[PDB]
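What's in coords_4.pdb: PDB, C-alpha atoms and all ligand atoms
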```pdb
ATOM      1  CA  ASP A   1       0.000   0.000   0.000  1.00  0.00           C
ATOM      2  CA  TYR A   2       3.326   1.560   0.452  1.00  0.00           C
ATOM      3  CA  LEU A   3       3.865  -0.438  -2.752  1.00  0.00           C
ATOM      4  CA  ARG A   4       0.609   1.168  -3.997  1.00  0.00           C
ATOM      5  CA  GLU A   5       2.003   4.647  -3.123  1.00  0.00           C
ATOM      6  CA  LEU A   6       5.088   3.754  -5.192  1.00  0.00           C
ATOM      7  CA  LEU A   7       3.092   2.647  -8.326  1.00  0.00           C
ATOM      8  CA  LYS A   8       0.950   5.795  -8.483  1.00  0.00           C
ATOM      9  CA  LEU A   9       4.256   7.717  -7.987  1.00  0.00           C
ATOM     10  CA  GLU A  10       5.692   5.956 -11.028  1.00  0.00           C
ATOM     11  CA  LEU A  11       2.442   6.250 -12.853  1.00  0.00           C
ATOM     12  CA  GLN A  12       2.633  10.016 -12.487  1.00  0.00           C
ATOM     13  CA  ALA A  13       6.301  10.169 -13.430  1.00  0.00           C
ATOM     14  CA  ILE A  14       5.536   8.388 -16.759  1.00  0.00           C
ATOM     15  CA  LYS A  15       2.676  10.828 -17.450  1.00  0.00           C
ATOM     16  CA  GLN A  16       4.966  13.769 -17.018  1.00  0.00           C
ATOM     17  CA  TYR A  17       8.036  12.341 -18.783  1.00  0.00           C
ATOM     18  CA  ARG A  18       5.907  11.343 -21.711  1.00  0.00           C
ATOM     19  CA  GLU A  19       4.754  14.938 -21.867  1.00  0.00           C
ATOM     20  CA  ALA A  20       8.259  16.212 -21.263  1.00  0.00           C
ATOM     21  CA  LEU A  21       9.290  14.039 -24.203  1.00  0.00           C
ATOM     22  CA  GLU A  22       6.392  15.410 -26.117  1.00  0.00           C
ATOM     23  CA  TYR A  23       7.819  18.901 -26.354  1.00  0.00           C
ATOM     24  CA  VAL A  24      11.600  18.494 -25.914  1.00  0.00           C
ATOM     25  CA  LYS A  25      12.632  15.329 -27.871  1.00  0.00           C
ATOM     26  CA  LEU A  26      15.739  14.542 -25.830  1.00  0.00           C
ATOM     27  CA  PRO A  27      16.894  10.891 -25.973  1.00  0.00           C
ATOM     28  CA  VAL A  28      17.836  10.849 -22.277  1.00  0.00           C
ATOM     29  CA  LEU A  29      14.116  11.316 -21.656  1.00  0.00           C
ATOM     30  CA  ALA A  30      12.904   8.342 -23.697  1.00  0.00           C
ATOM     31  CA  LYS A  31      15.320   6.281 -21.710  1.00  0.00           C
ATOM     32  CA  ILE A  32      14.209   7.499 -18.343  1.00  0.00           C
ATOM     33  CA  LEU A  33      10.691   6.606 -19.576  1.00  0.00           C
ATOM     34  CA  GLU A  34      11.880   3.114 -20.508  1.00  0.00           C
ATOM     35  CA  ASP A  35      12.987   2.493 -16.940  1.00  0.00           C
ATOM     36  CA  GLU A  36       9.832   3.958 -15.360  1.00  0.00           C
ATOM     37  CA  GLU A  37       7.911   1.635 -17.642  1.00  0.00           C
ATOM     38  CA  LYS A  38       9.843  -1.260 -16.140  1.00  0.00           C
ATOM     39  CA  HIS A  39       9.416   0.161 -12.653  1.00  0.00           C
ATOM     40  CA  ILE A  40       5.702  -0.133 -13.162  1.00  0.00           C
ATOM     41  CA  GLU A  41       5.754  -3.790 -14.397  1.00  0.00           C
ATOM     42  CA  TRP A  42       7.850  -4.805 -11.331  1.00  0.00           C
ATOM     43  CA  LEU A  43       5.592  -3.168  -8.751  1.00  0.00           C
ATOM     44  CA  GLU A  44       2.348  -4.437 -10.316  1.00  0.00           C
ATOM     45  CA  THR A  45       3.999  -7.838 -10.320  1.00  0.00           C
ATOM     46  CA  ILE A  46       4.718  -7.670  -6.634  1.00  0.00           C
ATOM     47  CA  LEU A  47       1.166  -6.518  -6.099  1.00  0.00           C
ATOM     48  CA  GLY A  48      -1.851  -8.074  -7.733  1.00  0.00           C
TER
ATOM     49  CA  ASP B   1      11.674  23.946 -14.780  1.00  0.00           C
ATOM     50  CA  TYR B   2       9.653  21.173 -16.167  1.00  0.00           C
ATOM     51  CA  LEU B   3      13.061  19.501 -15.792  1.00  0.00           C
ATOM     52  CA  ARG B   4      13.073  20.911 -12.222  1.00  0.00           C
ATOM     53  CA  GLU B   5       9.604  19.361 -11.609  1.00  0.00           C
ATOM     54  CA  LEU B   6      11.059  16.033 -12.794  1.00  0.00           C
ATOM     55  CA  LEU B   7      14.131  16.140 -10.430  1.00  0.00           C
ATOM     56  CA  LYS B   8      12.104  16.868  -7.286  1.00  0.00           C
ATOM     57  CA  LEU B   9       9.777  14.036  -8.483  1.00  0.00           C
ATOM     58  CA  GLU B  10      12.758  11.690  -8.608  1.00  0.00           C
ATOM     59  CA  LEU B  11      14.145  13.128  -5.448  1.00  0.00           C
ATOM     60  CA  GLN B  12      10.949  12.156  -3.660  1.00  0.00           C
ATOM     61  CA  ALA B  13      10.814   8.718  -5.249  1.00  0.00           C
ATOM     62  CA  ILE B  14      14.335   7.937  -3.896  1.00  0.00           C
ATOM     63  CA  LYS B  15      13.298   9.120  -0.412  1.00  0.00           C
ATOM     64  CA  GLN B  16      10.374   6.769  -0.389  1.00  0.00           C
ATOM     65  CA  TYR B  17      12.065   3.768  -2.037  1.00  0.00           C
ATOM     66  CA  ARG B  18      14.949   4.065   0.350  1.00  0.00           C
ATOM     67  CA  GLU B  19      12.415   3.898   3.148  1.00  0.00           C
ATOM     68  CA  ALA B  20      10.498   1.148   1.407  1.00  0.00           C
ATOM     69  CA  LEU B  21      13.805  -0.712   1.238  1.00  0.00           C
ATOM     70  CA  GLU B  22      14.347   0.106   4.840  1.00  0.00           C
ATOM     71  CA  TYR B  23      11.533  -2.094   6.071  1.00  0.00           C
ATOM     72  CA  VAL B  24      10.985  -4.694   3.314  1.00  0.00           C
ATOM     73  CA  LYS B  25      14.475  -5.734   2.031  1.00  0.00           C
ATOM     74  CA  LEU B  26      13.367  -6.805  -1.442  1.00  0.00           C
ATOM     75  CA  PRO B  27      16.124  -6.792  -4.104  1.00  0.00           C
ATOM     76  CA  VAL B  28      13.779  -5.446  -6.794  1.00  0.00           C
ATOM     77  CA  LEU B  29      13.632  -2.316  -4.644  1.00  0.00           C
ATOM     78  CA  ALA B  30      17.380  -1.701  -4.420  1.00  0.00           C
ATOM     79  CA  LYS B  31      17.411  -1.914  -8.160  1.00  0.00           C
ATOM     80  CA  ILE B  32      14.605   0.509  -8.721  1.00  0.00           C
ATOM     81  CA  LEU B  33      16.606   2.813  -6.400  1.00  0.00           C
ATOM     82  CA  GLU B  34      19.710   2.314  -8.544  1.00  0.00           C
ATOM     83  CA  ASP B  35      17.868   3.617 -11.587  1.00  0.00           C
ATOM     84  CA  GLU B  36      16.272   6.569  -9.762  1.00  0.00           C
ATOM     85  CA  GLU B  37      19.771   7.427  -8.610  1.00  0.00           C
ATOM     86  CA  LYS B  38      20.821   7.547 -12.250  1.00  0.00           C
ATOM     87  CA  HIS B  39      17.677   9.448 -13.177  1.00  0.00           C
ATOM     88  CA  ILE B  40      18.804  12.148 -10.814  1.00  0.00           C
ATOM     89  CA  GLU B  41      22.399  12.412 -12.194  1.00  0.00           C
ATOM     90  CA  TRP B  42      21.012  12.769 -15.767  1.00  0.00           C
ATOM     91  CA  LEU B  43      18.537  15.534 -14.954  1.00  0.00           C
ATOM     92  CA  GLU B  44      20.988  17.539 -12.821  1.00  0.00           C
ATOM     93  CA  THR B  45      23.388  17.174 -15.720  1.00  0.00           C
ATOM     94  CA  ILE B  46      20.919  18.631 -18.153  1.00  0.00           C
ATOM     95  CA  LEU B  47      20.262  21.394 -15.671  1.00  0.00           C
ATOM     96  CA  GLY B  48      22.943  23.263 -13.797  1.00  0.00           C
TER
HETATM   97 MN    MN A 101      10.850   4.768 -11.359  1.00  0.00          MN
HETATM   98 MN    MN A 102      13.066   7.795 -12.194  1.00  0.00          MN
END
```
The structure in this file should be written as C-alpha cells.
Amino acid sequence: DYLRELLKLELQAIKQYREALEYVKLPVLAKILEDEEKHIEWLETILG
Amino acid sequence: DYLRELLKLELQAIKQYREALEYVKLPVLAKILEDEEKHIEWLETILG
C-alpha cells in the first residue's frame, strides 16, 4: 500500500516524462521513460 | 523547470524507495533505487 504509493508515484512520473518528451525530444528522456515503464511492471507484479 | 519538476519528483521517489527498502528488504527495490539514482544524475546534468 506503500507499494501502492510507489506505483501511483511511477504512474505520475511516466505521465509527465511522456509529456516532457512530447515537447523536448531529448533521448535521455525516452530512456528514463523506458525504466519507469519497467518500474511499473515490477511493482504491479509484486502486487496483484 | 519542467526539468526541475522532474528532479524533485525523482528526489521524492528515492526518499520513499529508500524507506520502502528500509523495512521490506526486497532486491527489486534496491534496483529501482539504482535507476532513480541515475535518473537524478542525468537531470541535474541537463540542468545546472
Ligand atoms: Mn521509477
Ligand atoms: Mn526515475
Next item on the list: All residues within 12 Å of ligand MN 102 (chain A) are required, counting only C-alpha atoms and all ligand atoms; please report them as JSON, numbers by chain.
Entry: {"A": [6, 7, 9, 10, 11, 12, 13, 14, 16, 17, 28, 29, 30, 31, 32, 33, 34, 35, 36, 37, 38, 39, 40], "B": [6, 7, 8, 9, 10, 11, 12, 13, 14, 15, 17, 31, 32, 33, 34, 35, 36, 37, 38, 39, 40, 41, 42, 43]}
Item checked: One-decimal distance in Å that lies between atom CA of residue B:1 and atom CA of residue B:47 ->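 Separation of atom CA of residue B:47 and atom CA of residue B:1: 9.0 Å.
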Checklist line | Interatomic distance, atom CA of residue B:46 to atom CA of residue A:22 (Å, one decimal) | finding: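 It comes out at 16.9 Å.
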Note to self: I'd like the interatomic distance between atom CA of residue A:48 and atom CA of residue A:4, to a tenth of an Å.
What the structure shows: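 Interatomic distance here is 10.3 Å.
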